[PDB]
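Below is one structure; the comments refer to it alone.
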Number of protein chains: 2
Amino acid sequence: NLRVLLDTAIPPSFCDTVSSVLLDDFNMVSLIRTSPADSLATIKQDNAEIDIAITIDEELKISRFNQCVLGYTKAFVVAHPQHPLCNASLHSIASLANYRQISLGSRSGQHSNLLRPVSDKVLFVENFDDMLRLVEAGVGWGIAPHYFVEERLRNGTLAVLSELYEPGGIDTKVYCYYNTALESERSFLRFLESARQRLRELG
Amino acid sequence: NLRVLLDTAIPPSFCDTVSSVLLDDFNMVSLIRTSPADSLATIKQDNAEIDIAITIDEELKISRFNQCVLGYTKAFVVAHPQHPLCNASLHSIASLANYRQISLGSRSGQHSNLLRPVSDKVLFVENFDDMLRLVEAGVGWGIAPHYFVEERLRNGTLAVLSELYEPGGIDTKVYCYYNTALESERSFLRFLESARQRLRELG
Ligand SMILES: CC(C)n1c(NC[C@H](O)COc2ccc(CC#N)cc2)nc2ccc(Cl)cc21
Ligand SMILES: CC(C)n1c(NC[C@H](O)COc2ccc(CC#N)cc2)nc2ccc(Cl)cc21
């Protein structure tokens, strides 16, 4: 009845904040997970009949969807503590373009400017687990959401490279792509107001 | 000796923070202002011999320049308090694409995805003063930096539309594009460390 896409980069804390708020107003609610790389490809399918996508991916205008900002999350670029680039010097960070990147693939094969790989040496996976497996074994480096990485960092098994590029981790906006229909529906503006307010309570 | 570009979107508070820090290490320092729309076009000119650009504009890789994040600033979309879109409803914000936008022009005529206009009805100017003139007279709407707008907002002469798109104003990263040469130069890493640290003191 109300279909909702949540990409894999959205912390599960955000996913309970949304579900909780939506259930106040809506009777039937469906929650679908996607790779960030497949999130916008999915809502562009009319048959998929998504009503709301919460995703990190951005495009300037999709046909029947408006865009707004729900909040902010932090990606880090990570590699094996004894990776070529372990020192994390600006030179190291410049060289990311030359060392093998572990990137999320996409059904369509295409990628947004925001999400495509920065490296020529690229090896695709389907999710951030497949990614962080290949990375603890040093096959490459990858960008992954904070919540996927916090453990393996204090567990010494992974190291951050991003800090000299963007201290505190790479800020990424969480977009809300909503069917135009839902503008001027108190139920949705209520979802938006609450979801946001409760993620300023998180942040 | 050290040429530094600062685009017009960089608050003048950031511009004193940078200059102060740079003077500790460097003897001869030149500060050049540019439209955000002309900032990257300028450093791509080899003859221009820029060593550092501080700008809101982003491209994935310029030839002899690396990129990093200095901090964050806030744009707002603004119009005449009695503009068609005064209510600032999601429908209003969706309609930005149809009402006349006052945008900054560029020498090259071309624009980055990040900075190009969202509207078909578009009227170019050269700076945010020319912009906010045309906007208080309701010829259109425009996105302008916080520091350009704070006065005319509490002076009732301008109204915000952005809030339902991005509460608190549209977060935009401030990029630092530095000549590859300056990586592994304590003087630059000192500038970076201090400039950043003193803009977390601002923020
Ligand atoms: C939104 C973005 C941050 N992102 C990506 N991938 C986009 C791109 O391939 C990332 O490449 C970069 C590599 C290095 C640097 C600078 C440094 N250090 C910048 C970009 N994958 C993501 C997964 C999760 C999240 Cl939250 C954001 C991701
Ligand atoms: C970096 C960006 C925010 N920006 C721009 N122009 C880019 C683009 O033309 C802005 O259009 C938008 C219009 C509406 C919305 C959603 C709402 N409400 C989003 C984008 N010009 C800028 C001037 C100063 C600064 Cl700091 C950022 C600017």
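Note: ideal-geometry Cβ built from the backbone for every residue, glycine included; neighbour counts use all protein chains shown. Readers should treat all values here as calculations from the given coordinates under stated rules, not as data from a laboratory.
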- Tally, over segment A:164-184, of residues that are under 14 Å from B:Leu164 (Cα atoms) and charged (D, E, K, R): 1
- Item | All positions within segment B:194-203 that are more than 18 Å from B:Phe26 (Cβ to Cβ), more than 10 Å from every other protein chain (Cβ to nearest Cβ) and either part of a helix (DSSP H, G or I) or touching a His at 6+ places or on another chain (Cβ under 7 Å) (or both) | B:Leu199
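Listed here are the residues, each with its yes/no results for (1) within 25 Å of A:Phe14 (Cβ to Cβ); (2) in contact with a helix residue (DSSP H, G or I) (Cβ under 9 Å, 6 or more places away or on another chain); (3) in contact (Cβ under 8 Å) with a residue 40 or more places away in the chain.
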site	(1), (2), (3)
A:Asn113	yes, no, no
A:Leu132	yes, yes, yes
A:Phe148	yes, yes, no
A:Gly156	no, no, yes
A:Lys173	yes, no, yes
- Query: How about segment B:92-121: which of its residues are among the aliphatic types (A, V, I, L, M) and within 14 Å of chain A (Cβ to nearest Cβ)?
  - Reply: B:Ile93, B:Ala94, B:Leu96, B:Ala97, B:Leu114, B:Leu115, B:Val118
- Task: Tell me, please, whether a residue that is in contact (Cβ under 8 Å) with a residue 12 or more places away in the chain and buried (at least 20 other Cβ atoms within 10 Å of the Cβ) can be found in segment B:22-31.
- Result: yes
- Message: Given the condition surrounded by fewer than 19 Cβ atoms within 10 Å (Cβ to Cβ), within 30 Å of B:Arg198 (Cα to Cα) and within 12 Å of ligand 2 (Cβ to nearest atom), answer yes or no: does some residue in segment B:78-92 qualify?
- Response: no
- Item | Selection within segment B:139-159 - more than 16 Å from the chain's Cα centre (by Cα), surrounded by 16 or more Cβ atoms within 10 Å (Cβ to Cβ) and of a type outside the set (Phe, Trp, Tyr) | B:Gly140, B:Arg152, B:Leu158, B:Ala159
- Of all residues in segment B:158-171, which are in contact with a helix residue (DSSP H, G or I) (Cβ under 8 Å, 6 or more places away or on another chain) and free of Cβ contacts under 8 Å to residues at least 12 places away in the same chain? B:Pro167
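Condition check ((1) in contact with an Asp or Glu (Cβ under 7 Å, 6 or more places away or on another chain); (2) among the polar types (S, T, N, Q)) across all residues:
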{"residue": "A:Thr73", "(1), (2)": "no, yes"}
{"residue": "A:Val78", "(1), (2)": "no, no"}
{"residue": "A:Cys86", "(1), (2)": "no, no"}
{"residue": "A:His91", "(1), (2)": "yes, no"}
{"residue": "A:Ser103", "(1), (2)": "no, yes"}
{"residue": "A:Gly109", "(1), (2)": "no, no"}
{"residue": "A:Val118", "(1), (2)": "no, no"}
{"residue": "A:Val122", "(1), (2)": "no, no"}
- Take the residues of segment A:99-124 that are exposed (fewer than 13 other Cβ atoms within 10 Å of the Cβ) and at negative phi: which is nearest to ligand 2 (Cβ to nearest atom)? A:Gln110
- Message: When you scan segment A:39-56, do you find a residue that is touching a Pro at 6+ places or on another chain (Cβ under 9 Å) and either more than 21 Å from A:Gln110 (Cα to Cα) or surrounded by 13 or more Cβ atoms within 10 Å (Cβ to Cβ) (or both), even just one?
- Response: yes
- If you go through segment B:35-51 one residue at a time, do you hit one that is among the β-branched types (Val, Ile, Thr), touching a strand residue (DSSP E or B) at 6+ places or on another chain (Cβ under 7 Å) and within 14 Å of ligand 2 (Cβ to nearest atom)? no
- Which one is nearest to ligand 2 (Cβ to nearest atom) among residues in segment A:178-193 that are more than 10 Å from chain B (Cβ to nearest Cβ) and either surrounded by fewer than 18 Cβ atoms within 10 Å (Cβ to Cβ) or more than 17 Å from A:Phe14 (Cα to Cα) (or both)? A:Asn179
- Task: Could you give me the residue pairs with C-beta distances under 7 Å whose first residue belongs to segment B:59-82 and is within 13 Å of chain A (Cβ to nearest Cβ), whose second residue is part of a strand (DSSP E or B) and basic (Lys, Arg) wherever it lies, and which are 6+ apart or on separate chains?
- Result: B:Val69/B:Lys173; B:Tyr72/B:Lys173
- Tally of residues being in a loop (DSSP other than H, G, I, E, B) and either among the charged types (D, E, K, R) or more than 7 Å from chain A (Cβ to nearest Cβ) (or both) across segment B:158-177: 5
